[PDB]
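Containing TSV, C-alpha atoms: coords38.tsv.
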```tsv
chain	number	residue	atom	x	y	z
A	1	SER	CA	36.26	-26.82	126.02
A	2	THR	CA	32.75	-27.28	124.68
A	3	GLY	CA	30.70	-26.29	121.65
A	4	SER	CA	26.98	-25.89	121.00
A	5	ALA	CA	25.38	-25.30	117.61
A	6	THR	CA	21.80	-25.24	116.38
A	7	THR	CA	20.89	-27.68	113.62
A	8	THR	CA	18.00	-26.82	111.31
A	9	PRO	CA	15.93	-28.98	108.94
A	10	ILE	CA	16.58	-28.20	105.27
A	11	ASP	CA	12.93	-28.54	104.30
A	12	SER	CA	9.42	-29.22	105.58
A	13	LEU	CA	9.99	-33.00	105.64
A	14	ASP	CA	13.17	-33.00	107.78
A	15	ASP	CA	15.03	-34.64	104.86
A	16	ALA	CA	18.30	-33.55	106.48
A	17	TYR	CA	19.64	-31.02	108.96
A	18	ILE	CA	22.23	-28.29	108.47
A	19	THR	CA	24.52	-26.80	111.08
A	20	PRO	CA	26.63	-23.68	110.54
A	21	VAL	CA	30.40	-24.27	110.62
A	22	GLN	CA	33.15	-21.63	110.55
A	23	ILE	CA	36.10	-22.51	108.31
A	24	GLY	CA	39.25	-20.47	107.83
A	25	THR	CA	40.49	-17.02	108.72
A	26	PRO	CA	38.55	-14.78	108.45
A	27	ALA	CA	35.70	-17.21	109.06
A	28	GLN	CA	33.81	-18.59	106.09
A	29	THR	CA	30.51	-19.96	107.35
A	30	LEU	CA	29.17	-23.02	105.55
A	31	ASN	CA	26.04	-25.00	106.44
A	32	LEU	CA	27.10	-28.63	106.79
A	33	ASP	CA	25.20	-31.90	107.17
A	34	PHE	CA	26.56	-33.52	110.34
A	35	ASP	CA	26.74	-37.21	109.52
A	36	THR	CA	27.40	-39.82	112.21
A	37	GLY	CA	27.52	-42.42	109.42
A	38	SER	CA	30.64	-41.10	107.67
A	39	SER	CA	34.00	-39.64	108.56
A	40	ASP	CA	34.91	-37.00	105.97
A	41	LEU	CA	34.51	-33.24	106.41
A	42	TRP	CA	34.06	-32.07	102.82
A	43	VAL	CA	32.84	-28.84	101.32
A	44	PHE	CA	31.73	-27.21	98.14
A	45	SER	CA	34.62	-24.94	97.25
A	46	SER	CA	36.24	-22.65	94.72
A	47	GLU	CA	37.65	-25.85	93.18
A	48	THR	CA	34.26	-27.48	92.60
A	49	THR	CA	33.38	-27.98	88.91
A	50	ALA	CA	31.30	-24.87	88.20
A	51	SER	CA	28.47	-26.77	86.49
A	52	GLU	CA	28.06	-28.84	89.69
A	53	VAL	CA	27.49	-25.82	91.95
A	54	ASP	CA	23.91	-24.54	92.14
A	55	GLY	CA	23.40	-22.13	95.01
A	56	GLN	CA	25.72	-23.60	97.64
A	57	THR	CA	28.06	-21.45	99.67
A	58	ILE	CA	31.64	-22.34	98.83
A	59	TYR	CA	34.85	-22.47	100.79
A	60	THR	CA	37.67	-20.53	99.11
A	61	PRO	CA	40.97	-21.61	100.65
A	62	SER	CA	42.93	-18.85	98.89
A	63	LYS	CA	40.99	-16.31	101.00
A	64	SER	CA	41.92	-18.02	104.27
A	65	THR	CA	45.20	-17.02	105.89
A	66	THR	CA	45.24	-20.28	107.85
A	67	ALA	CA	44.55	-22.67	104.93
A	68	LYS	CA	47.38	-24.97	103.82
A	69	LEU	CA	47.26	-27.48	100.99
A	70	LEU	CA	47.76	-30.99	102.35
A	71	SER	CA	50.16	-31.89	99.58
A	72	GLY	CA	49.39	-35.06	97.65
A	73	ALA	CA	46.21	-35.87	99.55
A	74	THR	CA	43.02	-36.79	97.72
A	75	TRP	CA	39.65	-38.13	98.79
A	76	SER	CA	36.71	-39.89	97.22
A	77	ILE	CA	33.54	-41.09	98.93
A	78	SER	CA	30.35	-42.90	97.99
A	79	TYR	CA	27.32	-42.89	100.27
A	80	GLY	CA	24.65	-45.52	100.83
A	81	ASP	CA	22.15	-43.58	98.74
A	82	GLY	CA	24.47	-43.71	95.72
A	83	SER	CA	25.70	-40.13	95.92
A	84	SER	CA	29.39	-39.29	95.80
A	85	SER	CA	32.07	-36.61	95.82
A	86	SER	CA	35.83	-36.27	95.55
A	87	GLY	CA	38.68	-33.79	95.51
A	88	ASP	CA	41.80	-32.65	97.33
A	89	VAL	CA	42.52	-31.55	100.89
A	90	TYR	CA	43.46	-28.47	102.89
A	91	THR	CA	44.08	-28.10	106.59
A	92	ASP	CA	42.43	-25.09	108.21
A	93	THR	CA	40.82	-23.85	111.41
A	94	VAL	CA	37.28	-25.16	111.89
A	95	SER	CA	34.89	-24.06	114.61
A	96	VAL	CA	31.49	-25.47	115.53
A	97	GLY	CA	29.35	-23.63	118.05
A	98	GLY	CA	32.38	-21.95	119.63
A	99	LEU	CA	34.58	-25.06	119.69
A	100	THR	CA	37.71	-24.62	117.59
A	101	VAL	CA	40.01	-27.20	115.99
A	102	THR	CA	43.22	-26.09	114.32
A	103	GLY	CA	44.73	-28.21	111.55
A	104	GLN	CA	41.44	-29.87	110.64
A	105	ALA	CA	41.41	-31.68	107.30
A	106	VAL	CA	38.91	-29.80	105.11
A	107	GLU	CA	38.26	-31.86	102.02
A	108	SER	CA	37.64	-29.62	99.04
A	109	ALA	CA	35.28	-31.03	96.41
A	110	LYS	CA	36.41	-30.99	92.81
A	111	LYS	CA	33.43	-33.14	91.83
A	112	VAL	CA	30.04	-33.85	93.40
A	113	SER	CA	27.19	-36.06	92.19
A	114	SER	CA	23.88	-34.65	91.00
A	115	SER	CA	22.04	-35.12	94.31
A	116	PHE	CA	24.48	-32.77	96.01
A	117	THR	CA	24.32	-30.18	93.22
A	118	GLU	CA	20.52	-30.26	93.32
A	119	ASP	CA	20.45	-29.59	97.05
A	120	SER	CA	21.28	-25.89	97.35
A	121	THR	CA	20.89	-25.94	101.15
A	122	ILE	CA	23.78	-28.32	101.94
A	123	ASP	CA	27.28	-26.87	101.56
A	124	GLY	CA	29.05	-30.09	102.53
A	125	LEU	CA	29.20	-32.83	105.15
A	126	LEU	CA	30.88	-33.07	108.54
A	127	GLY	CA	31.54	-36.70	109.39
A	128	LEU	CA	31.18	-37.91	112.95
A	129	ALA	CA	31.67	-41.67	112.58
A	130	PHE	CA	35.03	-43.23	113.47
A	131	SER	CA	38.15	-41.92	111.75
A	132	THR	CA	38.94	-45.39	110.39
A	133	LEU	CA	36.32	-44.66	107.68
A	134	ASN	CA	37.96	-41.44	106.53
A	135	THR	CA	38.73	-41.63	102.81
A	136	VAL	CA	41.77	-39.35	102.56
A	137	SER	CA	44.70	-41.03	100.80
A	138	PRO	CA	47.58	-41.69	101.26
A	139	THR	CA	47.36	-40.33	104.82
A	140	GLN	CA	44.02	-40.97	106.50
A	141	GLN	CA	42.69	-37.95	108.39
A	142	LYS	CA	40.83	-37.52	111.68
A	143	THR	CA	37.28	-36.27	112.13
A	144	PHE	CA	36.47	-32.95	113.77
A	145	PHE	CA	35.32	-34.85	116.88
A	146	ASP	CA	38.49	-36.94	117.02
A	147	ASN	CA	40.65	-33.82	116.76
A	148	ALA	CA	38.60	-31.96	119.39
A	149	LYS	CA	38.33	-34.89	121.80
A	150	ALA	CA	41.31	-34.29	124.03
A	151	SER	CA	40.35	-30.64	124.56
A	152	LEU	CA	36.71	-31.39	125.38
A	153	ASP	CA	35.49	-31.32	128.98
A	154	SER	CA	34.09	-34.82	128.34
A	155	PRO	CA	34.79	-36.93	125.23
A	156	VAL	CA	31.21	-36.86	123.93
A	157	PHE	CA	28.88	-35.18	121.52
A	158	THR	CA	25.10	-35.19	121.56
A	159	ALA	CA	22.44	-35.05	118.85
A	160	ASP	CA	19.10	-33.51	119.68
A	161	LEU	CA	17.28	-33.35	116.37
A	162	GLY	CA	13.92	-31.62	116.08
A	163	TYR	CA	10.71	-32.77	114.48
A	164	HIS	CA	9.87	-30.05	111.99
A	165	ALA	CA	11.94	-27.75	114.18
A	166	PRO	CA	15.52	-26.80	115.00
A	167	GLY	CA	17.61	-28.82	117.42
A	168	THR	CA	21.13	-28.91	118.76
A	169	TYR	CA	24.51	-30.58	118.47
A	170	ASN	CA	26.62	-30.24	121.60
A	171	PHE	CA	30.28	-31.16	121.98
A	172	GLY	CA	31.99	-31.92	125.26
A	173	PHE	CA	29.02	-31.89	127.64
A	174	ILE	CA	25.62	-33.44	128.28
A	175	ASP	CA	22.83	-30.85	128.69
A	176	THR	CA	20.79	-32.37	131.50
A	177	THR	CA	17.91	-29.94	130.74
A	178	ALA	CA	17.48	-31.28	127.20
A	179	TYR	CA	15.88	-34.64	128.00
A	180	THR	CA	13.40	-36.26	130.34
A	181	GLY	CA	14.02	-39.20	132.67
A	182	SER	CA	17.37	-40.93	132.49
A	183	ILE	CA	19.81	-41.71	129.67
A	184	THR	CA	20.15	-45.42	128.91
A	185	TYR	CA	23.56	-46.38	127.61
A	186	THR	CA	24.22	-49.30	125.32
A	187	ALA	CA	27.36	-50.94	123.89
A	188	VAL	CA	28.93	-49.85	120.61
A	189	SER	CA	30.95	-51.87	118.13
A	190	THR	CA	33.44	-49.84	116.11
A	191	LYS	CA	34.42	-52.86	113.99
A	192	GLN	CA	32.78	-51.38	110.87
A	193	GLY	CA	33.67	-47.76	111.70
A	194	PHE	CA	30.10	-46.85	112.67
A	195	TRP	CA	28.22	-46.08	115.86
A	196	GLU	CA	26.88	-49.62	115.70
A	197	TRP	CA	24.67	-50.94	118.48
A	198	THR	CA	21.97	-53.54	119.16
A	199	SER	CA	18.39	-52.54	119.88
A	200	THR	CA	16.51	-54.90	122.17
A	201	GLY	CA	13.28	-54.94	120.15
A	202	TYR	CA	10.24	-53.08	118.94
A	203	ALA	CA	6.54	-52.44	119.22
A	204	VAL	CA	3.98	-51.16	116.72
A	205	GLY	CA	1.48	-48.66	118.08
A	206	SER	CA	-0.05	-49.90	121.32
A	207	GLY	CA	1.01	-53.47	120.50
A	208	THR	CA	3.05	-55.74	122.71
A	209	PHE	CA	6.81	-55.32	122.69
A	210	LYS	CA	8.75	-57.93	120.72
A	211	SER	CA	12.08	-58.75	122.33
A	212	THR	CA	14.55	-59.28	119.54
A	213	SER	CA	18.11	-58.11	118.85
A	214	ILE	CA	18.38	-55.62	115.99
A	215	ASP	CA	21.95	-54.62	115.12
A	216	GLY	CA	22.16	-51.24	113.43
A	217	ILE	CA	23.89	-47.87	113.19
A	218	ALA	CA	22.98	-44.50	114.64
A	219	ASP	CA	23.20	-42.33	111.54
A	220	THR	CA	22.26	-38.67	111.60
A	221	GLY	CA	23.02	-38.44	107.87
A	222	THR	CA	20.26	-40.87	106.86
A	223	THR	CA	16.70	-39.52	106.76
A	224	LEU	CA	14.65	-42.64	107.41
A	225	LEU	CA	14.56	-45.69	109.68
A	226	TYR	CA	15.70	-48.85	107.86
A	227	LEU	CA	14.92	-52.13	109.63
A	228	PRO	CA	14.59	-55.83	108.77
A	229	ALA	CA	11.81	-56.72	106.35
A	230	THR	CA	9.97	-58.68	109.05
A	231	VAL	CA	9.80	-55.65	111.37
A	232	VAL	CA	8.81	-53.25	108.61
A	233	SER	CA	6.10	-55.58	107.33
A	234	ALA	CA	4.67	-55.83	110.87
A	235	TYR	CA	4.55	-52.04	111.07
A	236	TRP	CA	2.89	-51.35	107.74
A	237	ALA	CA	0.38	-54.19	108.21
A	238	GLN	CA	-1.23	-51.89	110.79
A	239	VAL	CA	-1.92	-49.16	108.21
A	240	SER	CA	-4.94	-49.78	105.98
A	241	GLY	CA	-3.95	-49.61	102.34
A	242	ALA	CA	-0.19	-49.53	102.92
A	243	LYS	CA	1.93	-51.50	100.49
A	244	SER	CA	5.46	-51.88	99.24
A	245	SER	CA	5.82	-50.36	95.79
A	246	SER	CA	8.83	-51.35	93.69
A	247	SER	CA	7.98	-48.50	91.30
A	248	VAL	CA	8.18	-45.89	94.06
A	249	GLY	CA	10.99	-47.60	95.93
A	250	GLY	CA	9.47	-48.65	99.24
A	251	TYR	CA	6.40	-48.63	101.42
A	252	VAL	CA	3.69	-46.11	100.60
A	253	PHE	CA	0.40	-45.51	102.37
A	254	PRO	CA	-2.79	-43.56	101.82
A	255	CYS	CA	-2.27	-39.94	102.77
A	256	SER	CA	-5.63	-40.17	104.57
A	257	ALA	CA	-4.17	-42.62	107.13
A	258	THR	CA	-3.37	-42.00	110.75
A	259	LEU	CA	-0.03	-43.69	111.34
A	260	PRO	CA	0.71	-45.71	114.48
A	261	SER	CA	3.78	-45.01	116.59
A	262	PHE	CA	6.83	-47.23	116.52
A	263	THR	CA	8.78	-48.09	119.64
A	264	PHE	CA	12.38	-49.32	119.70
A	265	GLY	CA	14.27	-50.77	122.64
A	266	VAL	CA	17.48	-49.48	124.16
A	267	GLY	CA	18.35	-51.98	126.85
A	268	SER	CA	15.30	-52.07	129.13
A	269	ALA	CA	14.28	-48.56	128.01
A	270	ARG	CA	11.92	-47.65	125.19
A	271	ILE	CA	11.98	-44.81	122.65
A	272	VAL	CA	8.64	-43.98	121.05
A	273	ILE	CA	8.56	-42.54	117.54
A	274	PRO	CA	5.20	-40.81	117.09
A	275	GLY	CA	3.26	-41.79	114.00
A	276	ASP	CA	3.54	-38.29	112.52
A	277	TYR	CA	7.35	-38.66	112.36
A	278	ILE	CA	6.86	-41.58	109.95
A	279	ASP	CA	4.94	-39.47	107.38
A	280	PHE	CA	7.13	-38.24	104.50
A	281	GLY	CA	4.24	-36.84	102.53
A	282	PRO	CA	3.02	-37.25	98.97
A	283	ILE	CA	5.26	-39.29	96.67
A	284	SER	CA	4.85	-36.52	94.10
A	285	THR	CA	3.13	-33.16	94.32
A	286	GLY	CA	-0.61	-33.57	94.66
A	287	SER	CA	-0.52	-37.34	95.08
A	288	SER	CA	-2.72	-39.10	97.62
A	289	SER	CA	-0.04	-41.77	98.04
A	290	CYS	CA	2.37	-40.87	100.84
A	291	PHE	CA	5.90	-42.15	101.46
A	292	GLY	CA	6.67	-44.08	104.64
A	293	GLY	CA	9.42	-43.19	107.08
A	294	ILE	CA	10.14	-46.81	108.05
A	295	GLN	CA	11.58	-48.84	105.20
A	296	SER	CA	13.24	-52.22	104.73
A	297	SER	CA	17.00	-52.50	105.11
A	298	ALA	CA	17.05	-55.65	102.96
A	299	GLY	CA	19.71	-55.15	100.33
A	300	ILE	CA	21.33	-52.26	102.24
A	301	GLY	CA	23.25	-54.81	104.26
A	302	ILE	CA	22.82	-52.91	107.51
A	303	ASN	CA	19.97	-51.58	109.66
A	304	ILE	CA	20.01	-47.80	110.00
A	305	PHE	CA	18.59	-45.77	112.86
A	306	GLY	CA	18.35	-42.57	110.85
A	307	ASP	CA	16.74	-39.24	111.65
A	308	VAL	CA	13.20	-40.68	111.97
A	309	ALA	CA	14.43	-42.65	114.97
A	310	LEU	CA	17.07	-40.31	116.34
A	311	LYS	CA	14.86	-37.21	116.41
A	312	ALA	CA	12.57	-39.00	118.88
A	313	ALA	CA	15.45	-39.06	121.38
A	314	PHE	CA	18.28	-37.16	122.99
A	315	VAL	CA	21.30	-39.16	121.79
A	316	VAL	CA	24.74	-39.31	123.41
A	317	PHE	CA	27.67	-40.36	121.26
A	318	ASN	CA	30.24	-41.27	123.92
A	319	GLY	CA	33.76	-41.35	122.42
A	320	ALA	CA	35.51	-42.55	125.56
A	321	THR	CA	38.13	-45.28	125.18
A	322	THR	CA	35.27	-47.77	125.14
A	323	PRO	CA	32.60	-45.96	123.14
A	324	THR	CA	28.91	-46.22	123.97
A	325	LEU	CA	25.60	-44.68	122.85
A	326	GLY	CA	23.02	-43.20	125.18
A	327	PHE	CA	19.35	-42.59	124.47
A	328	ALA	CA	16.85	-40.57	126.48
A	329	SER	CA	13.29	-39.52	125.81
A	330	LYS	CA	12.65	-35.79	125.52
```
Please re-express this file's structure in structure tokens.
Amino acid sequence: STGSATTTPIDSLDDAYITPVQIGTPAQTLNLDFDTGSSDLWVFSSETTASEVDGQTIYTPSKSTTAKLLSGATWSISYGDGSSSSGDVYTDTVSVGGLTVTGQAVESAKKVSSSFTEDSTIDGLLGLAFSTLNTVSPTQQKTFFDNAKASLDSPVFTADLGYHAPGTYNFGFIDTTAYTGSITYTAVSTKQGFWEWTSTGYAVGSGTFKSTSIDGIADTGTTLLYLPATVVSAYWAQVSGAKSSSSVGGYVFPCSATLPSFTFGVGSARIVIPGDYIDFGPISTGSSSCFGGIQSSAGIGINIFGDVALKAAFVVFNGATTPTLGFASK
């Protein structure tokens, strides 16, 4: 089997991407944030505290003939940006782009933090990291990908995120028309539950490539690119007037600037992030100070290849017995 679904930015800055997911019988379609940095499939639901729902589409298990309470199971998750959610668990039929999993754990939110409530466009998350991170207790549950894996033509999914445009998540096949040149594969460590890999270095604009190992995670659920302070300083030093602002919470730059590209290494291959991808616009409406798309990972504890990086590539998440990650230009 295979699946193929279009993923669409939630706003003009590509802050996140939503992908339609069919849950239950008859189908209830929710727009979920596919997150390769977590492993819970959770939704706004009929159980969500009413004051914490503001425009989201909810899953109502009582209207699904295939929903079954997973008795005794609860979940609770906190994300790197400080947001959180928790609740109980149903099993139900879940389909993505024509690919169907029966008995998928659908985690129903009883509570969500303010950032989720305030984002009317995201109806929940669909985790695509390793199932060892799943938060369901007392019986840990598998991700949608893990459940689908054995039925897939090939044990892979791919992320092809657009810049200010829709893209695609595919399951079970590699679309050889969706990228240019070849795919370069690189080793993955699952020790922390993430799609964790080591970039071979970076360049800033037309500058020389610096060979240096940068361990980090491929995370579709993080907006920006978070790298070591040394790397990030070298980037922003090439933008006149750029500075790190503790009041704003990272590097800002004059909105009048033309940003240089940023290149990262994947083995001997190179992925180029155009300068425009690094512009996250005014810090507040009407401001001439703009927020940078490359930020320091210092104090996160991990480097994160988020959407800024991933949308510059066609990315293969290979879930074979020995997982790997592949990157191609496009």
Subject >> Interatomic distance (Å, one decimal) between atom CA of residue A:69 and atom CA of residue A:141 >> reply: 13.6 Å
**OP:** Write out as a PyMOL selection string each polymer residue whose atoms come within 10 Å of stretch 40-43 of chain A, counting only C-alpha atoms; drop sequence neighbours fewer than 5 positions from it.
**Re:** chain A and resi 23+30-35+48+56-60+75-77+85-89+104-110+112+122-131+133-136+140-144
Subject >> Top pick for closest residue to residue A:118, considering A:6, A:186, A:36, A:83 and counting all atoms listed in the file >> reply: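 That would be A:83, the residue with the smallest distance to residue A:118.
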**OP:** Please provide the set of residues having any atom within 12 Å of residue A:236, restricted to only C-alpha atoms, with same-chain residues fewer than 3 positions apart removed, written as a VMD selection string.
**Re:** chain A and resid 204 to 205 229 to 233 239 to 244 250 to 254 257 to 262 275 278 291 to 296
**OP:** Compile the contact shell of residue A:323 as a list in words: residues with an atom at most 10 Å away, counting all atoms listed in the file, same-chain residues fewer than 5 positions apart removed.
**Re:**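 In the requested format, the answer is residues 155, 156, 186, 187, 188, 189, 190, 195, 317 and 318 of chain A.
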Keeping C-alpha atoms, export the residues of the selection given above as a JSON list (two decimals), in the frame of the given file.
```json
[["chain", "number", "residue", "atom", "x", "y", "z"],
["A", 155, "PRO", "CA", 34.79, -36.93, 125.23],
["A", 156, "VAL", "CA", 31.21, -36.86, 123.93],
["A", 186, "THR", "CA", 24.22, -49.30, 125.32],
["A", 187, "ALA", "CA", 27.36, -50.94, 123.89],
["A", 188, "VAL", "CA", 28.93, -49.85, 120.61],
["A", 189, "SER", "CA", 30.95, -51.87, 118.13],
["A", 190, "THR", "CA", 33.44, -49.84, 116.11],
["A", 195, "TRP", "CA", 28.22, -46.08, 115.86],
["A", 317, "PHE", "CA", 27.67, -40.36, 121.26],
["A", 318, "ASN", "CA", 30.24, -41.27, 123.92]]
```
**OP:** Please provide the set of residues having any atom within 8 Å of stretch 206-216 of chain A, restricted to only C-alpha atoms, with same-chain residues fewer than 3 positions apart removed, written as a list in words.
**Re:** residues 196, 197, 198, 199, 200, 201, 202, 203, 261, 302, 303, 304 and 305 of chain A
Original post:
Nearest to residue A:54: which of A:192, A:114, A:28, A:78 is it, counting all atoms listed in the file?
Top reply: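 Nearest candidate to residue A:54 out of A:192, A:114, A:28, A:78: A:114.
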Original post:
Which one is closest to residue A:225: A:269, A:308, A:183, A:300? Count all atoms listed in the file.
Top reply: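 Once distances to residue A:225 are computed over all atoms listed in the file, the minimum belongs to A:308.
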**OP:** Could you check which of A:169, A:226, A:194, A:327 is closest to residue A:271, using all atoms listed in the file?
**Re:** A:327
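For the set A:26, A:299, A:172, A:193, the residue with the smallest atom-to-atom gap to residue A:157 is A:172, counting only C-alpha atoms.
Closest approach to residue A:326 from the set A:285, A:263, A:218, A:274 is made by A:218, with distances taken over only C-alpha atoms.
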Subject >> Å distance separating atom CA of residue A:95 from atom CA of residue A:22, one decimal place >> reply: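 Atom CA of residue A:22 lies 5.0 Å from atom CA of residue A:95.
Here atom CA of residue A:307 stands at a distance of 19.9 Å from atom CA of residue A:267.
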Subject >> Polymer residues at most 6 Å from (11.2, -39.4, 127.7) by only C-alpha atoms, as a list in words >> reply: residues 180, 181, 328, 329 and 330 of chain A
**OP:** Please determine the residues with any atom at most 7 Å from (11.6, -40.4, 118.7) (coordinates as given in the file, with all atoms listed in the file counting) and report them as a VMD selection string.
**Re:** chain A and resid 271 to 274 308 to 313
**OP:** Find the residues around stretch 12-17 of chain A up to 6 Å (only C-alpha atoms counted), leave out those fewer than 2 positions away in its own chain, and share them as a PyMOL selection string.
**Re:** chain A and resi 7-10+33+223
Taking all atoms of stretch 111-124 of chain A that appear in the file, build a box with edges along x, y and z, extend it by 3 Å on every side, and state its centre and edge lengths in Å to one decimal, as AutoDock Vina command-line options.
```
--center_x 26.9 --center_y -31.0 --center_z 96.8 --size_x 19.0 --size_y 16.2 --size_z 17.5
```
Could you give me stretch 6-20 of chain A completed to N, CA, C and O atoms, formatted as a short mmCIF file (atom, residue, chain, number, x, y, z; two decimals), in the coordinates of the input?
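This went into selection13.cif:
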```cif
data_model
loop_
_atom_site.label_atom_id
_atom_site.label_comp_id
_atom_site.auth_asym_id
_atom_site.auth_seq_id
_atom_site.Cartn_x
_atom_site.Cartn_y
_atom_site.Cartn_z
N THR A 6 23.15 -24.89 116.79
CA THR A 6 21.80 -25.24 116.38
C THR A 6 21.83 -25.91 115.01
O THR A 6 22.57 -25.48 114.11
N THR A 7 21.03 -26.96 114.87
CA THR A 7 20.89 -27.68 113.62
C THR A 7 19.45 -27.51 113.14
O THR A 7 18.54 -27.55 113.94
N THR A 8 19.28 -27.28 111.84
CA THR A 8 18.00 -26.82 111.31
C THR A 8 17.58 -27.71 110.13
O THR A 8 18.39 -27.98 109.24
N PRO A 9 16.33 -28.20 110.12
CA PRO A 9 15.93 -28.98 108.94
C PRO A 9 16.04 -28.19 107.64
O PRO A 9 15.76 -27.00 107.62
N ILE A 10 16.43 -28.86 106.56
CA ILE A 10 16.58 -28.20 105.27
C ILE A 10 15.27 -27.94 104.55
O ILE A 10 15.22 -27.12 103.63
N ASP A 11 14.21 -28.64 104.96
CA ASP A 11 12.93 -28.54 104.30
C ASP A 11 11.82 -29.01 105.23
O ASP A 11 12.09 -29.38 106.37
N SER A 12 10.58 -28.98 104.74
CA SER A 12 9.42 -29.22 105.58
C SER A 12 9.25 -30.69 105.96
O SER A 12 8.39 -31.02 106.77
N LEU A 13 10.05 -31.57 105.36
CA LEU A 13 9.99 -33.00 105.64
C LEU A 13 11.10 -33.50 106.57
O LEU A 13 11.15 -34.69 106.88
N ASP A 14 11.99 -32.61 107.00
CA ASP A 14 13.17 -33.00 107.78
C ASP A 14 14.04 -33.99 106.97
O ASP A 14 14.55 -34.97 107.50
N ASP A 15 14.23 -33.73 105.68
CA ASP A 15 15.03 -34.64 104.86
C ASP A 15 16.49 -34.71 105.31
O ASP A 15 17.16 -35.73 105.13
N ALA A 16 16.96 -33.63 105.92
CA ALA A 16 18.30 -33.55 106.48
C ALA A 16 18.35 -32.31 107.34
O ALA A 16 17.42 -31.49 107.34
N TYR A 17 19.44 -32.16 108.08
CA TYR A 17 19.64 -31.02 108.96
C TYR A 17 20.97 -30.36 108.65
O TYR A 17 21.97 -31.05 108.38
N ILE A 18 20.99 -29.03 108.67
CA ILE A 18 22.23 -28.29 108.47
C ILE A 18 22.63 -27.50 109.70
O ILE A 18 21.78 -26.96 110.42
N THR A 19 23.94 -27.43 109.91
CA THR A 19 24.52 -26.80 111.08
C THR A 19 25.61 -25.87 110.57
O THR A 19 26.45 -26.27 109.77
N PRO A 20 25.61 -24.61 111.04
CA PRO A 20 26.63 -23.68 110.54
C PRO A 20 28.01 -24.01 111.10
O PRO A 20 28.12 -24.32 112.31
#
```
